[PDB]
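As they're listed, the protein sequences go chains B and R.
So the first sequence is residues 23 to 109, 134 to 461, 466 to 506, counted in PDB author numbering.
So the second sequence is residues 41 to 126, 148 to 374, 400 to 483, 487 to 550, counted in PDB author numbering.
See below for the structure under consideration.
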Amino acid sequence: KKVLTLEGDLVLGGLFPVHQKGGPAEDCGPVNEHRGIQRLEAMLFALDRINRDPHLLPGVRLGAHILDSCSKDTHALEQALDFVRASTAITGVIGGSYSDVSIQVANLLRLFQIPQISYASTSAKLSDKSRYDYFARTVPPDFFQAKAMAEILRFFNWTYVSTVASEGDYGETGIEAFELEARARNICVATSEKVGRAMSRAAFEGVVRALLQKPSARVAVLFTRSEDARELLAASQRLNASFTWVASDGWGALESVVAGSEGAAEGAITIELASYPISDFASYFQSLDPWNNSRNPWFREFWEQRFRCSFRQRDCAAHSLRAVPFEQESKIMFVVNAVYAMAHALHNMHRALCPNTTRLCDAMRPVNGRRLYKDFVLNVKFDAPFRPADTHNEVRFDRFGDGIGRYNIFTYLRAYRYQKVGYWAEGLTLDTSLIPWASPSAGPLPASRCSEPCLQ
Amino acid sequence: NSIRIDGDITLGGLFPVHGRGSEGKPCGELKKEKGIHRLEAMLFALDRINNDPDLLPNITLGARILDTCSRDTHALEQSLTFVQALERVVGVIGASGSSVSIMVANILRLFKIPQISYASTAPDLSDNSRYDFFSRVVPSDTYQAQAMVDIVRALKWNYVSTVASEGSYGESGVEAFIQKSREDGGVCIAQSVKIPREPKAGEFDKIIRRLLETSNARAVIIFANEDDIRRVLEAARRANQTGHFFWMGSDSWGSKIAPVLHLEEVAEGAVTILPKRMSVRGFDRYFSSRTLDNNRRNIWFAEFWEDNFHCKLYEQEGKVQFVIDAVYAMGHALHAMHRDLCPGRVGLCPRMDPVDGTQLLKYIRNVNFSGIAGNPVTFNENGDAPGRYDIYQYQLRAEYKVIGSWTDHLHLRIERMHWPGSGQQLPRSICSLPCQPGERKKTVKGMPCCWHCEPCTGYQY
């Protein structure tokens, strides 16, 4: 319904999963706290900093046209039609979040050469530039996660493992890439279950029974479903069946999937993108006042949801984001970097064909998408915004519009919180002394093999 | 370039008259029987429905025919012209390519343009939550997978190999086949291999090598486009496998002449399943008696003359009767809508100028017009045709022939010259032979359709 539109002057559109996927009804669900509102406020903060920046587009103020995808590709297309209805002319559409939404929106936008920098689209299918010639990406492909996941399963000698996927690109490509890697490393895939886009609650327990049909495979590797943050919320079931989950980019460093369901007990291994929390965004978000923040339409519903008070009634404005604890979402960087990348691309174009004046001379304003993406967005090269002083991280793109592959491996832990076990960067490193599994204190290290080893 | 047939209310089509390009080429070579026969089929159905005053009185159907190149992205870029007006197109005859149909329904739904698609049997389109405006005049491929599993059981084969083209036909048809094999299908998958969208460096030769590794898995059940059929069978010929494998062809194979022309040695005995068809005599006479390359109404006609005779400027395809069924369906639906919105007013009444997909979709769904050759045409809630199939075998001495029919009944005819070209009495693929003397456990592995024979040697008998 509502759309977030800032001032003009070469606005950058944005796709965010601000609302959860609804049920069978043709409506959206609740507000997505971490995976949703936080990323939107991060991109708004990045735009505010870019406008404040005396160097990045000094004479151009970057607006925004933010859409809600509701985690449904169909609704994503029905909303993203507003991007192409301009032919105000949207310069580019940042995001797409879940990779199926990103694929649908990129397929729609390639007809209008709108550059799309996605902050979380991971599925390898978007690596093909023959079909997505106007797509850029700040995250590594999920093929690399099938690497890291295989390495992990080879480190614990988990030769027997069961794969669960969801219909759509992420699940399909994830299980295909992991099955390829498992056959490459002698790892056997016991079973391959899939969940449909809005399959029933009871069928998830059916899938768990199918998982239990192979008792040897205690380790059930999870490919994110659509997103573990809210689909595995319905498949981390505690019907007295436990596993050692191994989970892809859809599960990690968020409590939305583990709240109230300890069947995914402490020790479940998850993989998240390697990132750091940007310091100033914490202050910006915690200081943010619902009645002063008239910009964001969904923020008032988010603060109706987090604190059950409805702003139409009292018992609101008493709490604040400073009093309650705040943990920065892992991909927040991958959002802000994306925004900055686009900004820098635009600035480079302003350095190229508009150096004689402060702002646009009206010949570039009908921005040509093809030259913009091929010459400027794909060629961006600058250090990341708001780094820790030590690192030299930069957000250059690959030859085919992708980022660098680096992951942090977490485990869920009790005394309940996540805990970074190690990192994968062209090679696995696990400091197992940091997890309960090393120095086995609950029986031996968890085993998953098709048959037991035998004597001489 | 589109055909752009002018009319009061203009239709559209997504016929793949050109094949897929390679090495970045925007488009490939003309597909002849696959494309042209279908395109002209519509261009005959519309012509006859404009000539007949009993349907759409004094209303002429236009046609913005455009090639999809059998490539999904080019299909989207060409279909953009239908919805360029954010001259309106009333309905789009969807493309034979299942993935093309999927994406075009993913886009035409936004602008409320109903689709009636010949072919495009992929079961993924059955989901009305995403493709509500999509509809089919052919049975879904789920029934085809079930019919194939039944045919395999009836042939008493086991340990089948399967080959699938990348996309939404192969992977989503072979998945339904594997599922209905596990679901008490009595057959177990020997080896599944995916043909990529862009095969490189003679990939089909390594496809054949892979399939020969499971040499016992002699039955290869195949879900791939006719180019992939042509190249996998040519690769099998190059490996001197002629008479080894028995092919089981999905409806992408059907009775098409291009998979088998100049290639009869390996294709003999290839049992295939097609939706039930009748050869429409009127279209045959119209296309045969056409003084073609002389009347040049459509564009791509000269390429057909140049390629069918190899000079500078037959049997009809299987799906064309579904093409003309689809067109007739469109017309009939429009007729009904007219008679329900402006009765008695001949010609294009004002209510038929802002024709909208939402209202026309119901008339498309519930239309019933008994078809051009007496086959009933109806749509269920999801918009799929009833599942009935004919069962063919490629028997030499282009010589396809009926060997049975499948509609919930498995009505085969083994005595109807069913031998797959070698041996006698339907030679079988089987993973392990029976052991009559008796086996210590006849021990099955985890896959239950095959066993190792350890004999009752010694006192343990």
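For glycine and all other residues, C-beta sits at the position ideal for the given N, C-alpha and C.
| Item | Value |
| --- | --- |
| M309 of chain R: first and last residue of the uninterrupted beta strand (DSSP E) it sits in | 307-310 |
| Residue burial classification, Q359 of chain B (beta-carbon count within 10 angstroms, cutoff 16) | exposed |
| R505 of chain R and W218 of chain R closer than 9 Å at C-beta | no |
| Reference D335 of chain B, options B:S325, B:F348, B:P323, B:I324, closest by Cα | B:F348 |
| Where the region 387-419 of chain B meets chain R: residues whose CB sits under 8 Å from a CB there | none |
| Per-residue burial, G404 of chain R [other beta carbons within 10 Å of its own, 16 or more giving buried] | buried |
| Chain R contacts from the region 145-167 of chain B (Cβ-Cβ distance under 8 Å) | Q150, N153, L154, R156, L157 |
| Of the listed residues R:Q207, R:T113, R:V248, R:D188, nearest to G234 of chain R (C-alpha basis) | R:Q207 |
| Whole-angstrom distance between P412 of chain B and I88 of chain B, CA atom to CA atom | 20 Å |
| Where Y216 of chain B sits in the DSSP three-state scheme | helix |
| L101 of chain R, enclosing beta strand (DSSP E) - first and last residue | 101-105 |
| Straight-line gap, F67 of chain B to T184 of chain B (C-alpha atoms, nearest Å) | 18 Å |
| Amino acids of chain R, ordered along the chain, whose beta-carbon sits closer than 9 Å to that of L103 of chain B | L126, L171, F172 |
| Which of helix, strand or coil DSSP assigns to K373 of chain R | coil |
| DSSP three-state assignment for residue 577 of chain B, whether helix, strand or coil | There is simply no residue 577 of chain B to check, as chain B begins at 23 and stops at 506 in what is shown. |
| Under 9 Å between C-beta atoms of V199 of chain R and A419 of chain R | no |
| Alpha helix (DSSP H) segment containing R346 of chain B, residue limits | 344-352 |
| Entirely enclosed alpha helix (DSSP H) segments - the region 39-101 of chain B, minimum 4 residues | 61-74 |
| CB contact below 9 Å: residue 124 of chain B versus chain R | Along chain B, the last residue before the gap is 109 and the first after it is 134, so residue 124 of chain B carries no coordinates. |
| Near-chain B residues of the region 320-338 of chain R - C-beta to any C-beta below 7 Å | none |
| Cutoff 9 Å: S176 of chain B Cβ touching any chain R Cβ | yes |
| Test: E100 of chain B CB closer than 9 Å to a CB of chain R | yes |
| Residue from R:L515, R:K531, R:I519 with nearest C-alpha to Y220 of chain R | R:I519 |
| Members of the region 351-366 of chain B that neighbour chain R once the beta carbon cut-off is set at 8 Å | none |
| Under 7 Å (Cβ pairs) to chain B, residues found in the region 102-123 of chain R | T113, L116, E117, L120 |
| Presumed contact (8 Å Cβ cut-off) between residue 385 of chain R and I49 of chain R, rounded CB distance | Gap in chain R between 374 and 400; residue 385 of chain R lies inside it and carries no coordinates. |
| DSSP three-state assignment for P336 of chain R, whether helix, strand or coil | strand |
| Which residues DSSP lists as bridging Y414 of chain R, in chain order | None, per the DSSP bridge assignment. |
| Residues of the region 162-194 of chain R whose Cβ lies closer than 9 Å to any Cβ of chain B, in chain order | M164, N167, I168, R170, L171, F172, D185, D188, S190, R191 |
| As assigned by DSSP and simplified to three states, the class of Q124 of chain R | coil |
| Strand pairing of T457 of chain B, partner residues [DSSP] | B:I315, B:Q469 |
| Own chain partners of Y449 of chain R with C-beta closer than 7 Å, once the 5 adjacent residues on each side are dropped | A419, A422, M423 |
| Cα-Cα separation, residue 486 of chain R to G310 of chain R | Since the numbering of chain R jumps from 483 to 487, residue 486 of chain R cannot be located in this structure. |
| Where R107 of chain B meets chain R, residues with beta-carbon distance less than 7 Å | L126 |
| Burial state of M339 of chain R, where buried means 16 or more other Cβ atoms lie within 10 Å | exposed |
| Rounded straight-line distance, which links the Cα of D444 of chain B to that of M388 of chain B | 15 Å |
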